Structures are given as C-alpha cells and as structure tokens.
Amino acid sequence: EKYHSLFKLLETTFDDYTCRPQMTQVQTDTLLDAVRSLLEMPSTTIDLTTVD
Amino acid sequence: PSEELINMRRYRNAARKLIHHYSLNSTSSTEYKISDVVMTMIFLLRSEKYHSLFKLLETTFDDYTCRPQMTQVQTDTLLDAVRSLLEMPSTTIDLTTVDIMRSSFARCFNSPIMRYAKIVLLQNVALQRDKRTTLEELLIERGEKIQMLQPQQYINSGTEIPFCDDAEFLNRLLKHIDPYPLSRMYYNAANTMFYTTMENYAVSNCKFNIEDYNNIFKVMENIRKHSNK
C-alpha cells in the first residue's frame, strides 16, 4: 500500500513513454521518502533524476 | 504602470506573428527576437486563458522527447483557445499542428548558440513512432487499398471542350488584373507548395526531399538545352 502512488506511475509508464505529469510538492516529497525508505541508502543523494 | 502594462498590443501582434509563422509556415520574414519570445511567454502568463498552453510549453523546458498524455476535455479547450488566439476563421487547426508547434520550442531551446543559425531543422524527432520506415513500403500498402475503392462519378467523357468568346469581356478582365506584380507574388504560392511537400506527412516522413526537388528546376536547364538543341 505504501508505494501505490509510485506503482500507479509505473503502471502508466507501462505504455509508451507518455510524459509523467508534475506532482504537488507534498506528493514529490512523499515519493522521495518512500523511495529512500524502500532503498535505505541515504549514503547517496537520492533524487528525481534517478526516477528519470 | 507596471512593466507588464507597456505594450500589450506589441506583445500580442509579435507573438501572433511568430506563432502564425511556426504553425502555418505562412510567409518569409526576418522573424526573430529573443525579447519578443519572452514577451510571448509573459503575455501567456498574464492571462488565465492560455495558461494551459503555457504549462504545456513549460513541460518542454527539460527538452525530453516525450509527448504529453492527452486529457481530452482540456485538450479540446486547448484547441479552442489556440484558434481564438490565432483569430483564424474556423480554419480547422488541428492536434497535429499543435504538437508540431509544441516541438518547435523544444527544438529552439536546444541551441545556446547566439551568433546565428541558418539551420532549418525540417524534421521532427518526436513523431510518435519507433523508427521511420521507407517510402516504398507505404506506397505498396496504400496503393493496395487504393485499387479497392470504387469510382465516384461518371464522366460522360464524350466530345466536350468549353470556351467563351467575349473578347471585350476578357480584355476588361485583363485590365482589372493588370496592376499586380504577379512575378514577385507567385513565389509565395510556390513556397506554399513546397511547405505542403512536408505538411503532406507527419508519419515516417520522407527523410530525403532535396536533390530530386531541385532536379524539378533543373528541368529548366533540360528545357533550355532542348530549345537550343
């Protein structure tokens, strides 16, 4: 359940490369948090560009 | 009294010129001013109308090739506003031209180069396909279905030629026609046909379009040598 927003995004990207929208600050920050939390490696600068 | 307030007319007309250029490919011009581009942007921001278009264009700022997902109703309002801002007479401006324009700016920003750029990036990368096909294949596949289609009229096709004989009428017409510098003018129509050559397609568009297109005019040398044996 935790990651369902990200998962939905990936499901959209199952189809051909259509641009991901922009997300509210809160959405982006919950995204970054969930990403770092599943991949507990703050040893590196976890960032959008990794998402891209 | 604001910096915005100075010349909405200037901003509007210049922006419209630029847009009408990129879209309809209308007319030769020294069409350029970076400051006027910025004026265009801010002229968008100064209306909630066209905000959607602004946002769209802003998506381009990261240069990536992707075509944004349609949301149908908003895209319809998009088309609406676009036609309104172009003030064109219901000229059926269309999503294809929309996308082409969109990609126009994501072409332009690529350059940080300031001196000048003769470059005419006639091609567009983003045309919604894995890879450009040949033309020949398309020719085959079209002609196939083409032969299927049934005739749509009957030319009686017997002996018929039209003519009229009102010499005075015709000369009156001639005098009405006289002033126009047709020589100068018809270049525009020629260029129109040229641009049409690419408007023809947005789908694995023919990469080459050049040397044969010039041989068209080299037919003139052919003709001159025919006249001189």
# chains A, B, ... in the order shown; residues from 1 in each chain; ligands from 1
$ residues_around --residues "region 16-32 of chain A" --least-positions-apart "3" --cutoff "8 Å" --atoms "only C-alpha atoms" --output "number ranges by chain"
A: 5-6, 9, 13, 35-36, 46-48; B: 66-69
$ select_by_dssp --residues "region 21-209 of chain B" --states "alpha helix (DSSP H)" --output "PyMOL selection string"
chain B and resi 21-24+34-45+51-59+72-86+95-108+135-148+167-177+182-199
$ interface_residues --of "chain B" --to "chain A" --cutoff "12 Å" --atoms "only C-alpha atoms" --output "PyMOL selection string"
chain B and resi 55-56+58-60+62-71+126+128-130
$ write_last_selection --atoms "N, CA and C atoms" --output "mmCIF file, in the first residue's frame"
data_model
loop_
_atom_site.group_PDB
_atom_site.id
_atom_site.type_symbol
_atom_site.label_atom_id
_atom_site.label_comp_id
_atom_site.auth_asym_id
_atom_site.auth_seq_id
_atom_site.Cartn_x
_atom_site.Cartn_y
_atom_site.Cartn_z
ATOM 1 N N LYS B 55 1.582 26.098 -19.626
ATOM 2 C CA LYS B 55 2.026 24.931 -18.871
ATOM 3 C C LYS B 55 2.578 23.857 -19.798
ATOM 4 N N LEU B 56 1.807 23.508 -20.828
ATOM 5 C CA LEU B 56 2.289 22.624 -21.879
ATOM 6 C C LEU B 56 3.707 22.986 -22.295
ATOM 7 N N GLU B 58 5.887 24.847 -20.982
ATOM 8 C CA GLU B 58 6.826 24.716 -19.877
ATOM 9 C C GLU B 58 7.318 23.286 -19.750
ATOM 10 N N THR B 59 6.439 22.318 -20.011
ATOM 11 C CA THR B 59 6.881 20.926 -19.973
ATOM 12 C C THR B 59 8.093 20.717 -20.869
ATOM 13 N N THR B 60 8.152 21.433 -21.992
ATOM 14 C CA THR B 60 9.265 21.293 -22.925
ATOM 15 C C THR B 60 10.603 21.663 -22.305
ATOM 16 N N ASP B 62 12.559 20.808 -20.149
ATOM 17 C CA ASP B 62 13.541 19.753 -19.956
ATOM 18 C C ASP B 62 13.861 19.000 -21.244
ATOM 19 N N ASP B 63 13.358 19.469 -22.386
ATOM 20 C CA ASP B 63 13.909 19.114 -23.692
ATOM 21 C C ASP B 63 13.576 17.683 -24.102
ATOM 22 N N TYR B 64 13.125 16.858 -23.162
ATOM 23 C CA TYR B 64 12.938 15.447 -23.452
ATOM 24 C C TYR B 64 11.843 15.248 -24.495
ATOM 25 N N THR B 65 11.984 14.170 -25.268
ATOM 26 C CA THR B 65 11.194 13.993 -26.480
ATOM 27 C C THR B 65 9.722 13.714 -26.201
ATOM 28 N N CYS B 66 9.372 13.323 -24.978
ATOM 29 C CA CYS B 66 8.069 12.716 -24.735
ATOM 30 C C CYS B 66 6.922 13.623 -25.163
ATOM 31 N N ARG B 67 5.865 13.001 -25.681
ATOM 32 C CA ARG B 67 4.621 13.695 -25.985
ATOM 33 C C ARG B 67 3.680 13.586 -24.792
ATOM 34 N N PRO B 68 3.181 14.695 -24.245
ATOM 35 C CA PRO B 68 2.383 14.608 -23.017
ATOM 36 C C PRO B 68 1.092 13.834 -23.228
ATOM 37 N N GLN B 69 0.653 13.169 -22.162
ATOM 38 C CA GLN B 69 -0.621 12.467 -22.192
ATOM 39 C C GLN B 69 -1.756 13.444 -22.454
ATOM 40 N N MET B 70 -2.629 13.091 -23.391
ATOM 41 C CA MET B 70 -3.862 13.838 -23.569
ATOM 42 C C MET B 70 -4.784 13.650 -22.373
ATOM 43 N N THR B 71 -5.424 14.739 -21.965
ATOM 44 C CA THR B 71 -6.680 14.700 -21.230
ATOM 45 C C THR B 71 -7.723 15.412 -22.079
ATOM 46 N N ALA B 126 10.035 13.616 -32.702
ATOM 47 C CA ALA B 126 9.051 13.035 -31.789
ATOM 48 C C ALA B 126 7.848 12.416 -32.487
ATOM 49 N N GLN B 128 5.938 10.107 -32.837
ATOM 50 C CA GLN B 128 5.089 9.017 -32.340
ATOM 51 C C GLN B 128 5.319 7.697 -33.075
ATOM 52 N N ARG B 129 6.577 7.376 -33.369
ATOM 53 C CA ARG B 129 6.866 6.079 -33.963
ATOM 54 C C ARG B 129 8.206 5.567 -33.459
ATOM 55 N N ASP B 130 8.362 4.242 -33.521
ATOM 56 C CA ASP B 130 9.631 3.624 -33.153
ATOM 57 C C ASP B 130 10.753 4.066 -34.088
#
$ atom_distance --atom1 "CA of residue 145 (chain B)" --atom2 "CA of residue 132 (chain B)"
21.4 Å
$ atom_distance --atom1 "CA of residue 82 (chain B)" --atom2 "CA of residue 121 (chain B)"
23.7 Å
$ atom_distance --atom1 "CA of residue 181 (chain B)" --atom2 "CA of residue 29 (chain B)"
19.0 Å
